[PDB]
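Here the structure is laid out as structure tokens; the discussion comes afterwards.
There are 2 protein chains.
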Amino acid sequence: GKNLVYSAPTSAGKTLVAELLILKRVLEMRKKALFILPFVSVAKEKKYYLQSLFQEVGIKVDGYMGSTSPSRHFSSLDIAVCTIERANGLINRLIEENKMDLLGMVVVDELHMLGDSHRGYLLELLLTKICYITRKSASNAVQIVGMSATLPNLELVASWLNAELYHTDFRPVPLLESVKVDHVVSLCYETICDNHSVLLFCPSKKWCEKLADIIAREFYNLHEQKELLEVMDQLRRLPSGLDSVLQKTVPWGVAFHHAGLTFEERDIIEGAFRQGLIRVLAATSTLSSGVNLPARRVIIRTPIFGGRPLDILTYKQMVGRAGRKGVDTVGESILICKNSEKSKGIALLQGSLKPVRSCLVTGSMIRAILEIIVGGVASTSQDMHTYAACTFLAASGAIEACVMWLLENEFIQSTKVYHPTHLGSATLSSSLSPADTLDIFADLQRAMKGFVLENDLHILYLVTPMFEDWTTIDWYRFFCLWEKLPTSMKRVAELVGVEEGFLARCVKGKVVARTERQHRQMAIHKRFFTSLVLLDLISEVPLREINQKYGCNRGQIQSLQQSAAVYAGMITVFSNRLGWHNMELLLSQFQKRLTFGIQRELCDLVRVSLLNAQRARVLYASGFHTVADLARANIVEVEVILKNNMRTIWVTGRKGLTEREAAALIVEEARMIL
Amino acid sequence: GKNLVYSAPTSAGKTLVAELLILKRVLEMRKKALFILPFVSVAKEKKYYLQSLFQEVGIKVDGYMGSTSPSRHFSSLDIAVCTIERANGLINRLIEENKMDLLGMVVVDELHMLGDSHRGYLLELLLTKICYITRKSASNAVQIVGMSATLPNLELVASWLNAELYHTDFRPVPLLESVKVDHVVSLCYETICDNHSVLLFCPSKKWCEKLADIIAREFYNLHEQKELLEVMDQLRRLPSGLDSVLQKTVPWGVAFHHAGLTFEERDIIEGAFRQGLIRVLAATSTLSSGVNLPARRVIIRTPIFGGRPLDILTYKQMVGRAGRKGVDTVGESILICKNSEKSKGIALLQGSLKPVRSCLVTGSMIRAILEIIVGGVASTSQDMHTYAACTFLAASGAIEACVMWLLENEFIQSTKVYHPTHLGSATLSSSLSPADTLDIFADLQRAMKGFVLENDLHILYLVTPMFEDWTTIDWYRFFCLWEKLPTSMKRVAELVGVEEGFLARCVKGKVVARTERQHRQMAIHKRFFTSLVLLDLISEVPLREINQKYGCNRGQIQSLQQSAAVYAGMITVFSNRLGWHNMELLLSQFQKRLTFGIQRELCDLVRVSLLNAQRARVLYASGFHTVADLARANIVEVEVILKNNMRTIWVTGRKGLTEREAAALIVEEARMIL
Ligand SMILES: COc1cnc(Cl)cc1-c1cnccc1C(=O)Nc1nnc([C@H]2C[C@@H]2c2ccc(C#N)cc2)s1
Ligand SMILES: COc1cnc(Cl)cc1-c1cnccc1C(=O)Nc1nnc([C@H]2C[C@@H]2c2ccc(C#N)cc2)s1
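These protein sequence lines map, in sequence, to chains B and A. Per the authors' numbering, the first sequence runs over residues 108 to 245, 256 to 298, 324 to 365, 383 to 519, 527 to 562, 580 to 598, 607 to 835, 858 to 887. Per the authors' numbering, the second sequence runs over residues 108 to 245, 256 to 298, 324 to 365, 383 to 519, 527 to 562, 580 to 598, 607 to 835, 858 to 887.
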């Protein structure tokens, strides 16, 4: 357990060493092992992979990723495939419960995210606690493992972690590069004739959908079917249905992939391409760091990605998906350029990824100081300086500025020893940023004086996150909705801060510039708009109806779903720890409702993993109002209800699943829950 | 199953026929059997009796009395020993669920309450529903059995119910009434020396206590010990403790019994007198219709009870407690009189009880019409008139006046069929009086607009009943508390309607006369005072502290406990049916908290019947924060916690229980719950 850090190109079985190491450590020490992943999709996929590979050894595998969480305690778990933020929260609660010895390993995947990134600092602080706790209390207690592409400073990261080093550039499908004599039609025809796939990358969504249509149009003009029809049917019965352009583009082995689609549509398309049913896939920058989806030939439309050259870090992972290890001999990555873009293309072709930063007055240091002090591992100034040396910024004097910032905002109390009073303790358990916890405290306390219980809108407004611009708001449609709103919903609007004057300004006048810090009241109206969207969401109305009514597309609505559910859970824990029992009670149901977008009645029924929002309504309409009820039922009954040998449904991490034996697992899983 | 009605004097084994009939009917038809009792204490005692007598035959016995309820569905039950008000709700839910045939019999005890009483009309409607449903839908459908003293119109009741008749005046201990009018100490000494008890009845609580005190003083001047010391210790360890006067009075074979004491203290005194440990017991009019507590010699302080002649029914039920069937040969009921009271005493000696009335524009007929229409058993005028004939008022034209009152208040909708819209459906399920349901609807709807979640006070105010004057309010102390209140509690006070002007009027000026109907705002301040008492109650503060802070004694506080818990449950069901999910969620926890007067944390721990509020705190302080946790524990551990052969604890319906085996049963019952 001397830790470890290694790097290797993707599509080279780099995770295999990690799987062997985790298997050995869990089997030997009988302690936990966190598999930290950057994204929720890759976390889901890895959780399914580890479940399949370790089910036959009595090893529980259930991670904390997105808004979801295991239906069993952390004690029973053996491997937790969590995301960075949720792994940080897990470690915080372990420290607070003084059960840190329960862990025996922490694997981290795609470690290059530690650098310039809006989540990397969470990984940095997450790893900084492990080394500190190990060195204060013993270096064989917790093994750390890492992965990445060719990092220029891999040795530096290993030195920070006190771990070994392994760096290599190997891949069974070598990539070639050579310029050889709009020259795209012939390329596509010759690449499709040889029975190989193509993965094209586009900078934007609209043009990504546009060109996919015309590629299929050329394939149609110049001219397995059963499996493509199967994918058609699987796409047809979805809460959002089948797209108008996708329905005509798919028949010709052409598809597109972007955040605009739903998670289910993305999963369907990824599965179709991986199986080889889809030959040409126009993806976007989102897929670059997405699930493992190798392709024979990668193509890049243009280095310009959002008014600037393509990120070099993104290009490496883009090219990594050029070559299938096991069926392919060689892989290619074509980067078309222009006269002005020739310089940018040659610049991007050469040169590896940039060095890793630390991103540590900054809110990250405030979070770190709060974590260590509330955790009870750094209470006095003498030791808090050692934490600074433990960081990756150090190994590569702002503590006092943050420590006073916390005392200024009453997060902690000085005594010389430091302690949290109530808000620091509640801020750490909620895994909320201490910067926003003051605003959250004010908004909750204000709510508990004049709360509105007629509808869920006042509860939704308080669990509505606005830390990112999840969508562009059309203020004319928002004004129309405001006009059509009921009075009950307008009372909460007045309570929160919405004013008809501001909406009148925005409906006709240009979007008011928020030049001044006092103009956070622009955020109030965006928050109210988002909360109305969330209300229509948990009301179980179809995504298309929410799209027409508000303008946000289904992919944005799903991202809002996940963010709102995560925020609702965080706020519920915040209220629980603060001693606000009524607020906690009102908030508790909402995390699951937001995760699944369901009504109160379906909440007890979506406990079965194999039950979507639609598949929970059909069973509820039939009469299965409870998982226990759904267990007591013949399989054929559920089969006929689902219908009212061919695979038509879709579930995350599925297999040869049809309407027949899908009903078999629904009842079987319900029995296990009981 | 041709029904049955019979009467016989108490103290003559008169309930045995009912036990045989219920056993036969449940064993044969395998259908339920409600055992309706007037009071909650007698309902509890009868439930324990039937549990003991029918445990060995696989017959479940758990009734619905007071705020309590069985921890298992009504389907699993076989005998429900309910109180009159809750039996009506049971029948209403059976009718609304169209499962009326599940019932096999309905026994009713002490039917004289059918007449002039604030609960008899519920009995009348309850039996009218049975007769109506039986006659509309038929030999062995639902048997009805009644009990009473010598009713002048027993045959009339039998004719109404279509049942047989049996009336007899026989008792094993023939009572000898002989009025008589120095020799006081001689009488006391000669009655006590005979080794027989005395049951004195006194109207005034304070004078009853002083009379018991001076009897104990005479015994002390003129002057088993181990068992009496055991009763001392049992009284000592109570949430309210031991009274100063009771301490000096109990060890001379003298005790007192009045509503001022707690239910537990009343139980201790009743058990001590029944066992013979207590020789003289000064009770009040409450015990007259209370648990079966026979004595050898009954005495009455004076016919005058509350500034009026004593009710003949009360005297008739009082005399029944003079003579023990099995150990006594003869019994006496002496009635001291004066010169002016000689005529009143002579009149009271002769003449049986007054006839049974009906007490049916009246709110009772509104409730009846609502029950039948919402139940779906009388939807059109043609049949609602038959319900009038079904009643006891008829058998011994206000329907239209009531029906319009319901349409006037939107309780039902006309179509010529009738139906309920939403408020009628929610009014019958909640078992609330339709008169007060409009005020409740207004108060709930107003509350949800501006609800205060900072504390429980706003939730308590909405589950505070004020249909009776549970105590006299001291407005000076109320003003002191008001000026000492926190601002959070004052915001809800302003929201509900409390005004400093009215409290200023009441603190010095005489209680304002509520001559006008518009002065229900006097009820707002009484409701707020009661809700503050209830908040101090559910805060788990000792009864003595609530007494000094508010002036209401512990017996009044316990009556308020029960009434508030019952009302909270009714309001929770009302909100549930109305579709107010947030209000229902906020209200749900409060029913149990009010029943037991405990905090949220103890609510999962008082599920074990053998766990008082104090016995739930001691275990919670130890670490047993859940019934499942309390199951996983050794008996000696809980024994030492309880301590920190002698029967010192008390529980409803106890046996030779001590600190040792009480801990054994606590864990055993917890296992059964799981
Ligand atoms: C409390 O914040 C959340 C609540 N809801 C959701 Cl949906 C998401 C979050 C969240 C949001 N942003 C960042 C992080 C989190 C987060 O950390 N969430 C967690 N979910 N479970 C956790 C383990 C707490 C439990 C535990 C750990 C160890 C042991 C032991 N021995 C026992 C219990 S942490
Ligand atoms: C709903 O009003 C209450 C709620 N809380 C409490 Cl503490 C007391 C009351 C109450 C207050 N004042 C008068 C009457 C009541 C009352 O009616 N209480 C009830 N308690 N249990 C009931 C039956 C509900 C259960 C049932 C379920 C299925 C079937 C069948 N098949 C039959 C019955 S009704």
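Every residue, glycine too, gets a C-beta built ideally from N, C-alpha and C.
Assigned exposure category for residue i - 16 Cβ within 10 Å defines buried
i: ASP169 (chain A); result: buried
i: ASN825 (chain B); result: exposed
i: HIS551 (chain B); result: exposed
i: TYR609 (chain B); result: buried
i: residue 848 (chain A); result: Since chain A is numbered 835 and then 858, with no step between, residue 848 (chain A) has no place in the structure shown.
i: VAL298 (chain A); result: exposed
i: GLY760 (chain B); result: buried
i: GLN434 (chain B); result: exposed
i: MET859 (chain A); result: exposed
i: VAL478 (chain B); result: buried
i: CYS335 (chain B); result: exposed
i: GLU152 (chain A); result: buried
i: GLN260 (chain A); result: buried
i: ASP324 (chain B); result: exposed
i: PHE787 (chain A); result: buried
i: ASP286 (chain A); result: exposed
i: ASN195 (chain B); result: buried
i: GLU424 (chain B); result: buried
i: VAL147 (chain A); result: buried
Bridge partners - residue i, DSSP secondary structure assignment
i: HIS284 (chain B); result: B:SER114
i: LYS139 (chain B); result: B:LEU210
i: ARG456 (chain A); result: A:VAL340 and A:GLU491
i: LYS297 (chain A); result: A:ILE495
i: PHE415 (chain A); result: A:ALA441
i: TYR609 (chain A); result: A:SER597
i: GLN749 (chain A); result: Its beta-bridge partners do not exist; DSSP assigns none.
i: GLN260 (chain A); result: A:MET212
i: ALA187 (chain B); result: B:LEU141
i: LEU536 (chain A); result: According to DSSP, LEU536 (chain A) bridges with nothing at all.
i: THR546 (chain A); result: A:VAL608
**Study point:** Every unbroken alpha helix (DSSP H) within the stretch 463–500 of chain A, with a cutoff of 4 residues, ordered by chain
**Key:** 471–478, all fully within the stretch 463–500 of chain A.
Point to revise | Chain-ordered residues of the stretch 761–780 of chain B with a beta carbon less than 8 angstroms from chain A | key: For the stretch 761–780 of chain B, the beta-carbon criterion of a distance under 8 angstroms to any beta-carbon of chain A is satisfied by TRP771, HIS772, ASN773, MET774, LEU776, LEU777 and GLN780.
**Study point:** Residues of the stretch 790–801 of chain A whose Cβ lies closer than 7 angstroms to any Cβ of chain B, in chain order
**Key:** Of all residues in the stretch 790–801 of chain A, the ones placed with a Cβ closer than 7 angstroms to any Cβ belonging to chain B are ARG791, in chain order.
Exercise for review: Please name the residues in the stretch 638–655 of chain B whose beta-carbon is closer than 7 angstroms to at least one beta-carbon of chain A, in chain order.
Suggested key: Answer set for the stretch 638–655 of chain B: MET639, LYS640, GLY641, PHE642, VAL643, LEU644 and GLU645.
Exercise for review: Decide yes or no for the touch test of the stretch 643–650 of chain A against the stretch 226–235 of chain A: beta carbon pairs closer than 8 angstroms, at least 3 of them.
Suggested key: Output reads no: the stretch 226–235 of chain A does not touch the stretch 643–650 of chain A.
Review point. Given a limit of 7 angstroms on CB to CB distance, which residues of the stretch 708–720 of chain B reach chain A?
Key: Closer than 7 angstroms at the C-beta level to chain A, one finds no residue of the stretch 708–720 of chain B.
Exercise for review: Please list the residues of the stretch 661–683 of chain A that have a C-beta atom closer than 9 angstroms to any C-beta atom in chain B, keeping them in chain order.
Suggested key: Within the stretch 661–683 of chain A, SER679 and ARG682 place their CB atoms closer than 9 angstroms to a CB of chain B, listed in sequence order.
Check your understanding: Are the stretch 478–486 of chain B and the stretch 449–461 of chain B touching, with three or more C-beta to C-beta distances below 8 angstroms?
Key -> Enough Cβ pairs lie closer than 8 angstroms, so yes.
**Study point:** Three-pair Cβ contact test at 8 angstroms for the stretch 677–691 of chain B versus the stretch 769–778 of chain B
**Key:** Contact fails between the stretch 677–691 of chain B and the stretch 769–778 of chain B, because fewer than three Cβ pairs, one in each stretch, are under 8 angstroms apart.
Point to revise | 4-residue-minimum alpha helix (DSSP H) runs that sit fully inside the stretch 611–672 of chain A, ordered along the chain | key: The stretch 611–672 of chain A contains these whole alpha helix (DSSP H) runs: 614–620, 625–640 and 648–653.
Review point. Taking only runs of the alpha helix (DSSP H) that begin and end inside the stretch 120–181 of chain A, which ones reach a length of at least 4 residues, in chain order?
Key: With a minimum length of 4 residues, the unbroken runs of alpha helix (DSSP H) contained wholly in the stretch 120–181 of chain A fall at 123–136 and 147–161.
**Study point:** Cβ contact (3+ pairs, closer than 8 angstroms) linking the stretch 266–279 of chain A and the stretch 111–118 of chain A
**Key:** Yes, since at least three Cβ pairs between the stretch 266–279 of chain A and the stretch 111–118 of chain A fall closer than 8 angstroms, the two stretches touch.
Check your understanding: Touching or not, the stretch 441–448 of chain A and the stretch 406–423 of chain A, by the rule of three or more beta carbon pairs under 8 angstroms?
Key -> The stretch 406–423 of chain A and the stretch 441–448 of chain A touch, with three or more beta-carbon pairs separated by less than 8 angstroms.
Review point. Do three or more CB pairs link the stretch 655–665 of chain B to the stretch 739–754 of chain B at distances below 8 angstroms?
Key: With a cut-off of 8 angstroms, the stretch 739–754 of chain B and the stretch 655–665 of chain B count as touching, because enough Cβ pairs lie within range.
**Study point:** At least 3 beta-carbon pairs within less than 8 angstroms: the stretch 724–737 of chain B vs the stretch 701–712 of chain B
**Key:** Result no; under three Cβ-Cβ pairs closer than 8 angstroms.
**Study point:** the stretch 420–435 of chain A touching the stretch 388–404 of chain A, judged by at least three CB pairs closer than 8 angstroms
**Key:** Judged by Cβ distances under 8 angstroms, the stretch 420–435 of chain A makes contact with the stretch 388–404 of chain A, as three or more pairs qualify.
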